[PDB]
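Peer 1: Below is the file coords_33.cif, with mmCIF, C-alpha atoms; chains and numbers go by the auth columns.
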data_model
#
loop_
_atom_site.group_PDB
_atom_site.id
_atom_site.type_symbol
_atom_site.label_atom_id
_atom_site.label_comp_id
_atom_site.label_asym_id
_atom_site.label_seq_id
_atom_site.Cartn_x
_atom_site.Cartn_y
_atom_site.Cartn_z
_atom_site.B_iso_or_equiv
_atom_site.auth_seq_id
_atom_site.auth_asym_id
ATOM 1 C CA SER A 1 -216.581 58.046 -97.113 0.00 1856 J
ATOM 2 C CA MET A 2 -218.279 58.490 -100.537 0.00 1857 J
ATOM 3 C CA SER A 3 -216.228 60.875 -102.789 0.00 1858 J
ATOM 4 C CA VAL A 4 -213.841 61.654 -99.890 0.00 1859 J
ATOM 5 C CA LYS A 5 -210.457 59.901 -99.897 0.00 1860 J
ATOM 6 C CA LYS A 6 -207.231 60.274 -97.972 0.00 1861 J
ATOM 7 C CA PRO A 7 -204.234 60.843 -100.248 0.00 1862 J
ATOM 8 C CA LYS A 8 -203.131 57.753 -102.302 0.00 1863 J
ATOM 9 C CA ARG A 9 -200.039 55.978 -100.752 0.00 1864 J
ATOM 10 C CA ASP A 10 -198.008 54.472 -103.687 0.00 1865 J
ATOM 11 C CA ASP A 11 -198.294 50.613 -103.515 0.00 1866 J
ATOM 12 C CA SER A 12 -196.908 49.862 -107.058 0.00 1867 J
ATOM 13 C CA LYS A 13 -193.514 48.552 -105.734 0.00 1868 J
ATOM 14 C CA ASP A 14 -194.920 46.427 -102.841 0.00 1869 J
ATOM 15 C CA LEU A 15 -194.904 43.074 -104.735 0.00 1870 J
ATOM 16 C CA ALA A 16 -191.247 43.437 -105.566 0.00 1871 J
ATOM 17 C CA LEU A 17 -190.245 44.680 -102.107 0.00 1872 J
ATOM 18 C CA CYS A 18 -192.053 41.776 -100.247 0.00 1873 J
ATOM 19 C CA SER A 19 -190.218 39.418 -102.682 0.00 1874 J
ATOM 20 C CA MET A 20 -186.865 40.812 -101.578 0.00 1875 J
ATOM 21 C CA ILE A 21 -187.587 40.633 -97.924 0.00 1876 J
ATOM 22 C CA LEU A 22 -188.663 36.953 -98.436 0.00 1877 J
ATOM 23 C CA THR A 23 -185.398 36.279 -100.386 0.00 1878 J
ATOM 24 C CA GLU A 24 -183.367 37.509 -97.426 0.00 1879 J
ATOM 25 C CA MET A 25 -185.425 35.450 -95.011 0.00 1880 J
ATOM 26 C CA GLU A 26 -184.823 32.334 -97.170 0.00 1881 J
ATOM 27 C CA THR A 27 -181.043 32.835 -97.236 0.00 1882 J
ATOM 28 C CA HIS A 28 -180.581 33.505 -93.446 0.00 1883 J
ATOM 29 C CA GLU A 29 -178.748 30.706 -91.627 0.00 1884 J
ATOM 30 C CA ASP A 30 -181.501 30.165 -89.042 0.00 1885 J
ATOM 31 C CA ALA A 31 -184.127 29.734 -91.764 0.00 1886 J
ATOM 32 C CA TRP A 32 -183.799 25.847 -91.901 0.00 1887 J
ATOM 33 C CA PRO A 33 -186.803 25.003 -89.622 0.00 1888 J
ATOM 34 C CA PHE A 34 -189.004 27.214 -91.860 0.00 1889 J
ATOM 35 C CA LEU A 35 -188.040 26.473 -95.549 0.00 1890 J
ATOM 36 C CA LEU A 36 -190.514 23.629 -96.146 0.00 1891 J
ATOM 37 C CA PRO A 37 -193.884 22.575 -94.730 0.00 1892 J
ATOM 38 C CA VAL A 38 -193.682 20.584 -91.425 0.00 1893 J
ATOM 39 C CA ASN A 39 -194.244 16.865 -92.421 0.00 1894 J
ATOM 40 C CA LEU A 40 -197.626 16.052 -90.873 0.00 1895 J
ATOM 41 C CA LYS A 41 -197.299 12.271 -91.247 0.00 1896 J
ATOM 42 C CA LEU A 42 -193.972 12.221 -89.370 0.00 1897 J
ATOM 43 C CA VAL A 43 -194.539 14.784 -86.603 0.00 1898 J
ATOM 44 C CA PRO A 44 -197.019 13.486 -84.055 0.00 1899 J
ATOM 45 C CA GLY A 45 -199.307 16.178 -82.702 0.00 1900 J
ATOM 46 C CA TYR A 46 -198.675 18.812 -85.399 0.00 1901 J
ATOM 47 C CA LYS A 47 -201.759 18.322 -87.512 0.00 1902 J
ATOM 48 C CA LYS A 48 -204.196 18.436 -84.574 0.00 1903 J
ATOM 49 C CA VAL A 49 -202.511 21.236 -82.687 0.00 1904 J
ATOM 50 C CA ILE A 50 -201.488 23.704 -85.479 0.00 1905 J
ATOM 51 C CA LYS A 51 -204.652 24.753 -87.215 0.00 1906 J
ATOM 52 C CA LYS A 52 -203.024 26.822 -90.009 0.00 1907 J
ATOM 53 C CA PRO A 53 -199.551 25.529 -90.939 0.00 1908 J
ATOM 54 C CA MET A 54 -197.309 28.034 -92.844 0.00 1909 J
ATOM 55 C CA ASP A 55 -193.769 28.085 -94.175 0.00 1910 J
ATOM 56 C CA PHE A 56 -191.479 30.154 -96.502 0.00 1911 J
ATOM 57 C CA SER A 57 -191.972 27.979 -99.598 0.00 1912 J
ATOM 58 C CA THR A 58 -195.731 28.187 -99.309 0.00 1913 J
ATOM 59 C CA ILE A 59 -195.507 32.018 -98.838 0.00 1914 J
ATOM 60 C CA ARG A 60 -193.285 32.129 -101.946 0.00 1915 J
ATOM 61 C CA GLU A 61 -195.879 30.205 -104.101 0.00 1916 J
ATOM 62 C CA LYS A 62 -198.784 32.423 -102.843 0.00 1917 J
ATOM 63 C CA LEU A 63 -196.796 35.574 -103.635 0.00 1918 J
ATOM 64 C CA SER A 64 -195.784 34.541 -107.187 0.00 1919 J
ATOM 65 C CA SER A 65 -199.375 33.627 -108.081 0.00 1920 J
ATOM 66 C CA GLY A 66 -201.182 36.812 -106.887 0.00 1921 J
ATOM 67 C CA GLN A 67 -202.659 35.289 -103.761 0.00 1922 J
ATOM 68 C CA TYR A 68 -201.809 38.268 -101.490 0.00 1923 J
ATOM 69 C CA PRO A 69 -204.325 41.135 -101.909 0.00 1924 J
ATOM 70 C CA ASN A 70 -202.018 43.562 -100.173 0.00 1925 J
ATOM 71 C CA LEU A 71 -198.840 43.918 -98.079 0.00 1926 J
ATOM 72 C CA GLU A 72 -200.645 43.316 -94.737 0.00 1927 J
ATOM 73 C CA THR A 73 -201.890 39.867 -95.803 0.00 1928 J
ATOM 74 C CA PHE A 74 -198.307 38.972 -96.647 0.00 1929 J
ATOM 75 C CA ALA A 75 -197.005 40.094 -93.150 0.00 1930 J
ATOM 76 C CA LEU A 76 -199.746 38.081 -91.485 0.00 1931 J
ATOM 77 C CA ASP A 77 -198.480 34.822 -93.117 0.00 1932 J
ATOM 78 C CA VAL A 78 -194.886 35.625 -92.168 0.00 1933 J
ATOM 79 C CA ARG A 79 -195.927 36.193 -88.481 0.00 1934 J
ATOM 80 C CA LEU A 80 -198.003 32.972 -88.567 0.00 1935 J
ATOM 81 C CA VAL A 81 -194.869 30.984 -89.308 0.00 1936 J
ATOM 82 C CA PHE A 82 -193.269 32.235 -86.010 0.00 1937 J
ATOM 83 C CA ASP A 83 -196.474 32.042 -83.939 0.00 1938 J
ATOM 84 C CA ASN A 84 -196.816 28.408 -84.967 0.00 1939 J
ATOM 85 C CA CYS A 85 -193.180 27.784 -84.063 0.00 1940 J
ATOM 86 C CA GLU A 86 -193.740 29.266 -80.539 0.00 1941 J
ATOM 87 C CA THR A 87 -196.874 27.166 -80.054 0.00 1942 J
ATOM 88 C CA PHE A 88 -195.017 23.849 -80.682 0.00 1943 J
ATOM 89 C CA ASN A 89 -191.405 24.305 -79.594 0.00 1944 J
ATOM 90 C CA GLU A 90 -189.862 25.172 -76.199 0.00 1945 J
ATOM 91 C CA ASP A 91 -188.038 28.548 -76.099 0.00 1946 J
ATOM 92 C CA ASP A 92 -184.807 26.823 -75.020 0.00 1947 J
ATOM 93 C CA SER A 93 -184.440 24.643 -78.165 0.00 1948 J
ATOM 94 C CA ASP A 94 -182.590 25.255 -81.308 0.00 1949 J
ATOM 95 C CA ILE A 95 -185.829 25.594 -83.322 0.00 1950 J
ATOM 96 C CA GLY A 96 -187.382 27.770 -80.563 0.00 1951 J
ATOM 97 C CA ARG A 97 -184.413 30.132 -80.724 0.00 1952 J
ATOM 98 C CA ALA A 98 -184.343 30.123 -84.524 0.00 1953 J
ATOM 99 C CA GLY A 99 -187.902 31.392 -84.471 0.00 1954 J
ATOM 100 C CA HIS A 100 -187.244 34.280 -82.050 0.00 1955 J
ATOM 101 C CA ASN A 101 -184.238 35.326 -84.147 0.00 1956 J
ATOM 102 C CA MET A 102 -186.091 35.183 -87.498 0.00 1957 J
ATOM 103 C CA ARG A 103 -189.056 37.150 -86.185 0.00 1958 J
ATOM 104 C CA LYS A 104 -186.691 39.922 -84.939 0.00 1959 J
ATOM 105 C CA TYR A 105 -184.921 39.933 -88.249 0.00 1960 J
ATOM 106 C CA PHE A 106 -188.278 40.155 -90.172 0.00 1961 J
ATOM 107 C CA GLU A 107 -189.768 42.967 -88.135 0.00 1962 J
ATOM 108 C CA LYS A 108 -186.710 45.180 -88.649 0.00 1963 J
ATOM 109 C CA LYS A 109 -186.716 44.746 -92.394 0.00 1964 J
ATOM 110 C CA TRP A 110 -190.457 45.420 -92.427 0.00 1965 J
ATOM 111 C CA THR A 111 -190.189 48.725 -90.562 0.00 1966 J
ATOM 112 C CA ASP A 112 -187.184 49.876 -92.558 0.00 1967 J
ATOM 113 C CA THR A 113 -188.627 48.935 -95.920 0.00 1968 J
ATOM 114 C CA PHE A 114 -192.114 50.548 -95.494 0.00 1969 J
ATOM 115 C CA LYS A 115 -192.514 52.777 -92.311 0.00 1970 J
#
Give the structure from this file in structure tokens form.
Peer 2:
Amino acid sequence: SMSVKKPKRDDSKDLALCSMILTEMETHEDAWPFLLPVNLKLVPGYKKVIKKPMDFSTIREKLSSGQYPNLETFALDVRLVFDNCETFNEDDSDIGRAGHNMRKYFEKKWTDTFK
């Protein structure tokens, strides 16, 4: 409340640490369905069904230009990429499996880097 704050958690390294996590996501071998935006002219259904499309390259541009107010907004965009993938692809597909693997990989790095 007014003039009463919890102790200040140090957030001065967060920009650089999110950048590293993203770099490792980008270089993983199962990253290929997620490196560029889904092509909305060539993938019937995608535009109407997926209300907020997201991908690594778009996350990378937002990060580099100060469009994330804090580390939680960054994690929300990362999770959106895999939530969209689950919405559109069957679990028993290569892209479906790539998504489950990448989300597991992300959530470990997130815990270990910050918690």
Peer 1: Could you tell me which of J:1932, J:1970, J:1949, J:1891 comes closest to residue 1864 (chain J) if we count all atoms listed in the file?
Peer 2: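 Of the candidates, the smallest distance to residue 1864 (chain J) is held by J:1970.
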Peer 1: Just checking: using all atoms listed in the file, which residue out of J:1914, J:1936, J:1905, J:1895 ends up closest to residue 1951 (chain J)?
Peer 2: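 Result for the nearest residue to residue 1951 (chain J): J:1936.
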Peer 1: Have a look at J:1871, J:1911, J:1940, J:1876 and name the one nearest to residue 1962 (chain J); count all atoms listed in the file.
Peer 2: J:1876
Peer 1: Selected by the PyMOL selection byres ((chain J and resi 1889) around 10) in the shown coordinates: which residues, as a list in words?
Peer 2: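 For this structure, the PyMOL selection byres ((chain J and resi 1889) around 10) resolves to residues 1880, 1881, 1885, 1886, 1887, 1888, 1890, 1891, 1892, 1893, 1909, 1910, 1911, 1912, 1936, 1937, 1940, 1950, 1953, 1954 and 1957 of chain J.
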Peer 1: Taking the point (-199.7, 38.1, -103.6) as given in the file, collect each protein or nucleic acid residue that comes within 12 Å of it, counting only C-alpha atoms, and present the set as a list in words.
Peer 2: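 Looking at atoms near the point gives residues 1869, 1870, 1871, 1872, 1873, 1874, 1913, 1914, 1915, 1916, 1917, 1918, 1919, 1920, 1921, 1922, 1923, 1924, 1925, 1926, 1927, 1928, 1929, 1930 and 1932 of chain J.
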Peer 1: Here is a test: counting all atoms listed in the file, which residue of J:1907, J:1946, J:1900, J:1934 is nearest to residue 1959 (chain J)?
Peer 2: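 Closest to residue 1959 (chain J), using all atoms listed in the file: J:1934.
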Peer 1: Return as JSON the box centre and box size in Å, one decimal, for an axis-aligned box around all listed atoms of region 1932-1939 of chain J padded by 3 Å per side.
Peer 2:
{"center_x": -195.9, "center_y": 32.3, "center_z": -88.5, "size_x": 11.2, "size_y": 13.8, "size_z": 15.2}
Peer 1: Pick the closest to residue 1955 (chain J) from J:1941, J:1897, J:1882, J:1967: which is it, counting only C-alpha atoms?
Peer 2: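 With only C-alpha atoms as the atom set, the closest residue is J:1941.
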Peer 1: Which value, in Å to one decimal, gives the distance between CA of residue 1956 (chain J) and CA of residue 1883 (chain J)?
Peer 2: 10.2 Å
